[PDB]
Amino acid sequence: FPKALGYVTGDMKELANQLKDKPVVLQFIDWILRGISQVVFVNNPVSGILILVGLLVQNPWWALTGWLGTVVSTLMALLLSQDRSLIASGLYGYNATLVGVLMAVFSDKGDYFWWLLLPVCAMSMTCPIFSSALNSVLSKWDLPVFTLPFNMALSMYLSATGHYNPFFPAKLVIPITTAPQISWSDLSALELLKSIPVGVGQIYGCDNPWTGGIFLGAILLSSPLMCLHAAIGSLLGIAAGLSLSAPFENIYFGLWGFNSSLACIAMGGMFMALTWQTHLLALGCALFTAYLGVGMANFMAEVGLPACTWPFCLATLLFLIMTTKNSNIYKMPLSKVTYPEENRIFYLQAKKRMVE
C-alpha cells in the first residue's frame, strides 16, 4: 500500500513518462482515461478508470456514450494536429466526455437509442474545434477553457434538436410558473447529507449516491485537497439552495451542488495557490456559483435549455480575472498548474524567492 500508493497519486507523471516509448495503443488508452478524469481537473488514468466504474454504476449506456465521445474527440484532435502535450494530459477529451454523457442524459428516447451514437460522434468531433479556438483566446490571458467547449456544443445540439425533433428529441425543459409549496417539517438531515456526494455525481449528470462517492474517491486518490474542496463546494450548493427555498427534490438530486463543487475545486488550490485567504475565496466562489447556477437554470429554461456548467465556467473565470493587491491571493501560472499540494509548494518557493 505505501509503496504502490505514491505511484497512483497526483498526475502520475512517471507513468506518463514510461508510456512515451510503449506501444501507441497503450498511450492512446492513457490519453482517454486522463481525458475522462479531467472533467474534475484530475490528470490521472486510474481516477479515469474509477470514474468509468462510477458511470457504469449509474448507467452503462451513459458510460458507453461518454467513452465513445472521449475517443472520437481525441482522434479528431490528432487529425487536426493539435498540441500533443495537451492531448496526452486529457485536455482534448474531457469536453467530449461530458458531451457523450449529457447527450444521453437529455435524450428523450431512453437507454440504448443506438441512433444517438451519430450525433454523439458529430458533436464530439466539434469539441477539439471549440477547444482549440477558445484556447487560442483564453491562453493569452493565461486562463483555461474549463468546460466552455462542452457547454457550447451541448447548447447548440439541444437547441438544434429540441423536444419536437422527429429523430433526436430532447427532454422537455419547462420554466417554473407557480411557487413551489414548501413544507419545511419534512426536511431530512440524512437526505441532505446524501446530497453532498450526489452533487459531486451530477458533475457527470449522475444522481446515484454511490456514483458520487466513487467520483469523490477518484478525486481523493489523485489529491486529498481537491476531494475536500469537491465535498465542501457541493455542501455550499446545498446551503444556497436552502437559502433560496429551493424544492428539496432538486437539492436531493444534486442539482444545486455540481457547479459549486467544480468552482470550489478550481479555486481551492488548483488555479489559485492554496492559502487560508484563497480557501475562503474558494468558499465564496462556490456559493456565488450556486446562486449563478440557479439564475442561469431559470434563464435557460425560458429558452428550453439546461444550464449544465455554464455557471461554473462563467463564475470561475470571473474570480480568476479579478485582481487584488494581496500577495497571499496568488493566481497560478498555467504552465505550473498540476494539483493543489504541488502548486502550494511552488507558491511557497516563489514566495521565498520574492523574499530575497
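One rule holds for the numbers: they count along the sequence shown, beginning at 1.
Q: On average, which has the higher Cα B-factor in the deposited entry, 134-142 or 171-179?
A: Comparing 134-142 with 171-179, the higher average CA B-factor belongs to 171-179.
Q: Decide which of the stretches 19-27 and 333-341 has the higher mean C-alpha B-factor, going by the entry.
A: Between 333-341 and 19-27, it is 19-27.
Q: In this PDB entry, which of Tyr157, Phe150, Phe271, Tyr112 has the top CA B-factor?
A: Highest C-alpha B-factor among the listed residues goes to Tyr112.
Q: Between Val101, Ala266, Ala122, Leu190, which one tops the list for Cα B-factor in this entry?
A: By C-alpha B-factor in the record, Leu190 ranks first.
Q: Compared with the other modelled residues in the chain, in which third is the CA B-factor of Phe248?
A: Tercile = highest for this residue's CA B-factor.
Q: Within this chain's modelled residues, let me know which third the CA B factor of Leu216 belongs to: lowest, middle or highest.
A: As the PDB entry reports it, the C-alpha B-factor of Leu216 lands in the highest third of its chain.
Q: Among the modelled residues of its chain, does the C-alpha B-factor of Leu33 lie in the lowest, middle or highest third?
A: Ranked within chain, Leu33 CA B lands in the middle tercile.
Q: Quick check on the deposited entry: does the C-alpha B-factor of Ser327 sit in the lowest, middle or highest third of its chain?
A: Its C-alpha B-factor, which the entry lists for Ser327, ranks in the highest third among residues of this chain.
Q: Among the modelled residues of this chain, does the Cα B factor of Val105 put it in the lowest, middle or highest third?
A: Lowest third.
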